[PDB]
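A short worksheet on the structure shown next.
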Amino acid sequence: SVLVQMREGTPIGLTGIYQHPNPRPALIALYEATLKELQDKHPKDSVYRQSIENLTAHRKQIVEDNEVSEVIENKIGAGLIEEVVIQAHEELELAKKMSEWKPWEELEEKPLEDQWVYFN
Amino acid sequence: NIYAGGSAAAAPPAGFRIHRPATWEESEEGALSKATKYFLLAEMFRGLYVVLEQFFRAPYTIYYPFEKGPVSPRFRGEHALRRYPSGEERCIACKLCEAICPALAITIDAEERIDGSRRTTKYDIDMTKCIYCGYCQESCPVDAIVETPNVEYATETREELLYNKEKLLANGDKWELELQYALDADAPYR
Amino acid sequence: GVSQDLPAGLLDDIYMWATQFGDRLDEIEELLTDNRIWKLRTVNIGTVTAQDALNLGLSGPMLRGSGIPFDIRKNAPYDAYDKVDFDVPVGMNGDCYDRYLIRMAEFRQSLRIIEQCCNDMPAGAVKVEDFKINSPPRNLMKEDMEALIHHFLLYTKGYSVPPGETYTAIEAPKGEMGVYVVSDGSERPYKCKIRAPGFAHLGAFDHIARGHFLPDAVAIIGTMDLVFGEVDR
Amino acid sequence: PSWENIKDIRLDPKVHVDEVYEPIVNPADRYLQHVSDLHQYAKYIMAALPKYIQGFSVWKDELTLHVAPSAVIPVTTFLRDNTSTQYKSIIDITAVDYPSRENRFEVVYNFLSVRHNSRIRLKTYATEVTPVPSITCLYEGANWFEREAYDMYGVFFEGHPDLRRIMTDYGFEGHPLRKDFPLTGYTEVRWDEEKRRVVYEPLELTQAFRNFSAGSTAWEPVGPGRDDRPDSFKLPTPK
Amino acid sequence: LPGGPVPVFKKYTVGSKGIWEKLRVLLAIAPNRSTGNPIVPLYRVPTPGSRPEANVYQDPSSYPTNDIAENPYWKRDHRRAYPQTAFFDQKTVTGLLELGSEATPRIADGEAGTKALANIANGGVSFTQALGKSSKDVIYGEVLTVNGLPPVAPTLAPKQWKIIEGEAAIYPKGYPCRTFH
Amino acid sequence: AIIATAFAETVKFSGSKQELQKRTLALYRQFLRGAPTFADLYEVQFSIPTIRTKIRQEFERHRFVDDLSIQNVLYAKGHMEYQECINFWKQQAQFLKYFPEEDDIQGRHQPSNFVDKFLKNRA
Amino acid sequence: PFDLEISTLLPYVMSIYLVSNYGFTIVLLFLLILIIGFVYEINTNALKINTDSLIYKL
Ligand SMILES: CCCCCCCCCCCCCCCCCC(=O)OC[C@H](COP(=O)(O)OCCN)OC(=O)CCCCCCCCCCCCCCCCC
Ligand code: SF4
Ligand code: SF4
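Protein chains in written order, with PDB author numbering: chain F, 20 to 139; chain I, 40 to 229; chain C, 234 to 466; chain G, 34 to 272; chain Z, 2 to 182; chain P, 2 to 124; chain 3, 65 to 113, 120 to 128.
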């Protein structure tokens, strides 16, 4: 299991989000899981997979290279490290749903010719 | 450097994480002083004193209808139809006022006067539809319809609030001097 | 732009009022900020988390109270909000008391901006100088043929907007106010929907107010700051 | 040192300019680099969900994604939840009645990403009998907006927990923002003395609505405009 | 600290004089607070209907817009130079993927180029096949970033927040309201 | 969260006609059951059998509608109406809109053939 | 009960001098016994009327 969001303890400035005890390992665990889900259920050609792989690898390199939370969040550039953990969890869930939805296919519903005509 | 799903602007500002709240034991004030404030209601007495200070200041009230609040040249009250100094009406039935009125308050009819002039034969304003926006006054190219600074014309039935041509001309005749004041004051700004 | 230029003696009067609005604020704050009954009625009442604030569509103080520093005046600098200096207050607990503090400090920031504009008001026109959009000054309209034609057409037919659509939002005092207008190339809009912040707030009422007491519901309605012209249009 | 001798501002020397200089600039020019960025971003999104995105449009700083009604849940989830997008705030939901299309209504979603300081718009289509999937499961705020869209237009939102009129009177028949609904409605109310209650009656106006739209211009007013597309998004010409 | 207290005699409000002034200063919570009443000889005088500036006002204008000799209206007619709305469907994005772009072409000349444009505009290649044939160079340069990362949601004016602490803040340390600049 | 209200049913378009007729008959039963509640709430002069008669007429009006989507929409609107009535959201004024017949005779002249319609310019 | 306790002191305050230091002690004991019940009321909180973490199974 991974602790994603602490809902009590020390407030950090954003209501409902409290200080995470051990954030870096939770980030690492979530990044491993999302990488694994991409590699086992996403075609290697899909741009979705390529993008998310590169992004997750980048963030995981940053978290492993750096021990201090402030330095990590400065290098990630996406909020406090608690918010970063929540982002990683959310990307992970999105990847698992994308496996079932299969967006890499061809588009199933084509629009009618009249569908997107405006007054120009 | 290079960001992934983020940017320098999305990175937390310096000091975004708040300092941990202090416990009771790390308090500067002794328990006795805090209890003095607690039991004697210090800030409540400060509030009461601020309230009492107002009691000795000059009030703001004015004694209507013997005094009146400020009124400016631009004020928008009841409507009135103006004349030329020669006493000929200024409205030439161009009906721009009818076309711009956002509430469709204005109803106008026109035809060639017996002397050949283009004049109105019916000019009504429904004062219960009007929103007193003053577009009709900006529109008219001869300053014929204007809005007086008069607000005291409340009526006891609604039928008195349906102004016809005769009423609006009578208002213009009655308020011409004040209309001239407002015009002399604001015409350069129109 | 604006319909008419400022009257001649307005900047001085605004400044004269601005010299004493600070005290007028301090007196309200004397009655309210530290009163323990006020804090009893407002602390930890109507608490909203940051994430639920974003999820519910809340904006303005209702969102800045929960710790998120978002302000359209700073984020999407519109008008002269980039030429003036001001700060943005952000709460941390997301309760009625933080929102009250936020509003009380927005008073001060507004006073600062008003003073800056009183000091830096430039000269020039106040409306766009193309008489195909805004009407010409009446001294031209009564002497010039082109100006008279443009005045006639602007007040009878109106200007024609190029076709397209836009969603434009500003930081209204109650939060984010926006409009989604659809133009068909003609003089009359094809569609105009107004996004009123009060609508989203009152929508979030049932989530916020669950588990509170009836007087706390009154205080919550107060902090949502609803007008109900906004709510239903 | 007192208010009786406070200095008279009214007699202070005011600033005076002789000529005001305001350069002529097209206001769309400030958006050029950002329009290029939005184009790149939209290209990425289409490539990422080719099964769903039927197309996009870009106008100054507003990006629109066109999707079929079945694609709404996946695309909204991707927007809300992907790290590079994070469109956490629902702003509004609405419909626009196009009576020429086979599918009358087009449903519009605006989203806001406080993380990235960016907005996006997503469109779908629907008809008077085909519903759209409700996004209340994703965004709580969409509840009331979808009740408003239904009330005004009649568009159904499949999966909405409590879908009912929000604005119109109780027992109102008709969806007012439909282009075929008349301005003044079909009915009005008054107090009926015989029945001692507010009754509904066919509409009868004392003054009839004067539609001044008959005076629309007989000359095309604006023309074609100009295209602000970046050169990296225009098809190449052979040679 | 700018915006700090200013004394009551620099505020345009009536106040008190004589012995009552000393009484007020002795008995006031904050001696520098004004009473709220505007000074009658100073405030809103002369009245708006009797300003001398009305008889000198002229319509304001700005150069070069007011010039009588060098401005053709069509050079400054911004309404009709409005940006068109650019609609891109999957066929157009395809065409961009295969044939490249006007800025950086990947197309042959003569009939070959026109026929390539044609058969993409007919449906010869789908979007998914387009992406599959797409090389590493084109994917990284023209769909993702040169580093292979996806593009972040663009912002028109990036805002860098700073937090003001200490004496320059609005509230003191205790209160749960911080100052962002 | 924002939770549903009393007698709220999530919107679901039935994929098959039979599964829709099941819901339709349930809704009809709910209306018949609620009739006395409606008679108490809205202080009606008329009788419960007349409420039930009116409900039967309302359900009758769409007895021959074929296309499934239209039936789905009609059912959804009927349920919205039921929820409106049973929760006393509606007032007496709007409720009596449903009941135009129980008001008294409006006048002596309700034309039926061409000559009476013609005399009143309604031919 | 509390009303009865308060009104049971009326005879005491009307006879304080006559009961001297004796009645004094008796009424202290009476008051302390009642104070015990008041303590029970306070500690039982008699008149007074989502914090889980988010865990993902990776
Ligand atoms: C240091 C050693 C002292 C030894 C003991 C002292 C002997 C007795 C002291 C005399 C005064 C005692 C009575 C008042 C005590 C005030 C206690 C209090 O503050 O009540 C707090 C109560 C909520 O309780 P609590 O939870 O403890 O507050 C913390 C909230 N986070 O919330 C409240 O009830 C708010 C307080 C109620 C105030 C009522 C105000 C109504 C009338 C105002 C009276 C002011 C005087 C008016 C006269 C005009 C002025 C001349
Ligand atoms: S004030 Fe406005 S509503 Fe009234 S007549 Fe003039 S334009 Fe019409
Ligand atoms: S706009 Fe003025 S001149 Fe023209 S019809 Fe109206 S009142 Fe008369």
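For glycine and all other residues, C-beta sits at the position ideal for the given N, C-alpha and C.
Cβ of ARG269 (chain C) within 6 Å of any heavy atom in ligand 1? yes
Below-7 Å beta-carbon distance, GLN31 (chain P) vs any chain G residue: no
Residue-chain proximity (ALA49 (chain I), chain G), Cβ-Cβ < 7 Å: yes
| request: With DSSP as the reference, please indicate the residues paired to residue 274 (chain G) in a beta bridge. | output: Since the first residue of chain G shown is 34 and the last is 272, residue 274 (chain G) is not available in this structure.
Q: Report yes or no: do three or more beta-carbon pairs, one from the segment 63-83 of chain G and one from the segment 62-74 of chain Z, lie closer than 8 Å?
A: no
(message) Considering Cα atoms alone, identify which of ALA74 (chain I), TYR228 (chain I), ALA221 (chain I), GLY211 (chain I) is closest to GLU128 (chain I).
(response) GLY211 (chain I)
Review point. CB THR53 (chain F) to CB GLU110 (chain F), shorter than 7 Å?
Key: yes
Exercise. Cβ-heavy atom distance between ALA183 (chain I) and ligand 3 below 6 Å?
Worked result: yes
Assign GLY167 (chain Z) to one of two classes, buried (16 or more other C-beta atoms within 10 Å of its C-beta) or exposed (fewer than that).
exposed
Original post:
From which residue to which residue does the beta strand (DSSP E) around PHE66 (chain 3) run?
Top reply: Segment 66-71 is the alpha helix (DSSP H) holding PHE66 (chain 3); no beta strand (DSSP E) there.
If we require 4 or more residues per run, which alpha helix (DSSP H) segments fall completely within the segment 351-394 of chain C?
371-374, 378-389
Quiz item: At a cut of 8 Å, does the segment 91-100 of chain P reach the segment 40-60 of chain P through at least three beta carbon pairs?
Solution: yes
Query raised in the report: Count the other CB atoms within 10 Å of the CB of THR187 (chain I); is the residue buried (16 or more) or exposed (fewer)?
Result: buried
Can you tell me whether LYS407 (chain C) is helix, strand or coil according to DSSP?
coil
Exercise. List in chain order: all unbroken alpha helix (DSSP H) runs of 4+ residues lying wholly within the segment 160-185 of chain I.
Key: 174-178
(message) For the segment 348-360 of chain C, list every residue whose C-beta sits within 7 Å of some C-beta in chain G, in sequence order.
(response) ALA356, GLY357
Query raised in the report: Going straight from the alpha carbon of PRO194 (chain G) to that of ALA9 (chain P), what length do you get?
Result: 7 Å
Q.
Quick check: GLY290 (chain C) and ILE126 (chain G), are their CB atoms within less than 7 Å of each other?
A. no
Report task. Output, in sequence order along the chain, the residues in the segment 368-397 of chain C whose CB is closer than 7 Å to any CB in chain F. Result -> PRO396
Name the two residues that bound the continuous beta strand (DSSP E) containing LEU97 (chain P).
Segment: none, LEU97 (chain P) is in no beta strand (DSSP E) and carries neither H nor E.
**Asked** Is the beta carbon of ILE170 (chain I) within less than 6 Å of some heavy atom of ligand 2?
**Response** yes
Using only the heavy atoms of ligand 2, determine whether one of them is closer than 6 Å to the beta carbon of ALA144 (chain I).
yes
ask   = Would the beta-carbon of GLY173 (chain I) be found less than 6 Å away from any heavy atom of ligand 4?
value = Ligand 4 is not among the ligands present in this structure, which contains only ligand 1, ligand 2 and ligand 3.
Are the C-beta of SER113 (chain P) and some C-beta of chain G separated by less than 7 Å?
no
Practice problem: Using the Cα positions of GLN80 (chain F) and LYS129 (chain F), report the straight-line distance between them to the nearest angstrom. | Solution: 41 Å
Q) Would you call the segment 165-184 of chain I and the segment 108-123 of chain I in contact, with 3 or more CB pairs under 8 Å? A) yes
Short CB-CB distance (under 7 Å) between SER151 (chain G) and chain I
no
Q) Among residues of its own chain, excluding the 5 on either side of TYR192 (chain I), which ones have a beta-carbon nearer than 7 Å to its beta-carbon? A) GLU117
| field | Three-state secondary structure (DSSP) of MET78 (chain 3) | value | coil
Q. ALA226 (chain I): beta carbon under 6 Å from a heavy atom of ligand 3?
A. no
Check your understanding: Going straight from the alpha carbon of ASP68 (chain P) to that of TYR99 (chain P), what length do you get?
Key -> 26 Å
If you count every other CB in all the chains shown that lies within 10 Å of the CB of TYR86 (chain 3), and 16 or more means buried, which is it? exposed
Give me whichever residues DSSP pairs with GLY324 (chain C) in a beta bridge. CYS178 (chain Z)
Using only CA atoms, which one of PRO395 (chain C), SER368 (chain C), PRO396 (chain C) lies nearest to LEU386 (chain C)?
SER368 (chain C)
Subject >> Proximal residues of chain C, C-beta to C-beta of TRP21 (chain Z) below 8 Å >> reply: Under the 8 Å cutoff, chain C gives no residues; its nearest Cβ is about 19 Å from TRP21 (chain Z).
(request) Enumerate in chain order the residues of its own chain whose CB-to-CB distance from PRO30 (chain F) is below 7 Å, with the five nearest sequence positions on each side excluded. (result) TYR37
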